[PDB]
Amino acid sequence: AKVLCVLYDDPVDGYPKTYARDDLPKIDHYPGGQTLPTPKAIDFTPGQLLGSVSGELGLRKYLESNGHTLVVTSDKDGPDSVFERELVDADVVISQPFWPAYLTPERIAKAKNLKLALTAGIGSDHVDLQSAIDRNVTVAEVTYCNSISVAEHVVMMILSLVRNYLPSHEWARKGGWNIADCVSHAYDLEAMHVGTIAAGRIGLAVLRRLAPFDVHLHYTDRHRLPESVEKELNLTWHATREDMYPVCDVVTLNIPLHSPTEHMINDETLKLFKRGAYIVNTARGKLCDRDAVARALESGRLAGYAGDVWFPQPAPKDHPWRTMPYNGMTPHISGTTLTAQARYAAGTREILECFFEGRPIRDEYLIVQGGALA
């Protein structure tokens, strides 16, 4: 079979020959009991760069030694991409949400052999699910592989915005000192009201890490949490997002982007936020109207915004979120630490092994199978 795998580019200084550390922490299962991926074997050392073209998700020897072909590229955009001209006879397509190969209806129609669309990561918003359903394409993902990774990124960004870390580091880096310039915008997180707009895998992991900071925890969600979970984390439940905003010092978005959530944060809904609120958004860029956020920071209504997701992605060189006041942005990376890569590269192999051997792919990995949602 032919496996077409889209990964991001190597470092500009070349694929790393050495790494900062020798191994990764041992982890057995995710919160809730789902075990980490269980492939038959791996041909990589956990901790190597696996999500770039030269890393190949550690798949090449496994695939080729079983008679399959592996084509790896980073050129995925538009009809002229290597991805598209290679797609037409691909049996399996793999990409990561941080550098996604979109499977539009038109593209899936060109893909005459497509049997499996695998997300090396979490979240197949880049795949048209109806087209997969109609064409009996299996859609799978490495569930839970980077939920904790994002949750760490979120709490890191909350602390950094509230305490004014990034400007302070600039003062130290450029040779200054300037205590008052650092702290005239710096507060403690302790006892602030913090709310998350969803409490799924990421949101719940965020809430748990926030708890010993002695913040007041709020959340909303389409499905309310177990009362025992509300009890153990002292959660205040809000029926709607708009009920939650005005009482929160910090709001983190961990909700999916779909029709009722597009531009949910805009010029009108920002008027409901307390003066000096902070917003962290590792979910999707379009949850927030790009310029309303920038205006809110320029006018001093928000005291900070931080996240790793943008619209569009990759962000153009002039994207305003890069330079607006009190931003804590990174490129789209929170779910592709080396640690997370080791998990979903192992999960990618595990799923391929199952698919080729006819064994059932774990239920939790499945998004579409046998012509319907699964």
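Note that residue numbering begins at 1 and tracks the sequence as displayed.
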Of 272-280 vs 237-245, the stretch with the larger average CA B-factor in the entry is 237-245
Should the higher mean CA B-factor in the entry be assigned to 69-77 or to 172-180?
69-77
Which one of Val88, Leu189, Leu166, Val154 shows the top CA temperature factor in the record?
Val88
Per the deposited entry, the peak Cα B-factor within the set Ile255, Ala120, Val150, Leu159 goes to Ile255
Please rank the C-alpha B-factors of the chain's modelled residues and tell me whether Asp308 sits in the lowest, middle or highest third.
lowest
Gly32 by Cα B-factor - lowest, middle or highest third of the modelled chain:
highest
Looking at the entry's B-factor column for C-alpha atoms only, identify whether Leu366 ranks in the lowest, middle or highest third of its chain.
middle
Among modelled residues of the same chain, the CA temperature factor third for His263:
highest
In terms of the CA temperature factor given in the entry, to which third of its chain does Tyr344 belong: lowest, middle or highest?
lowest
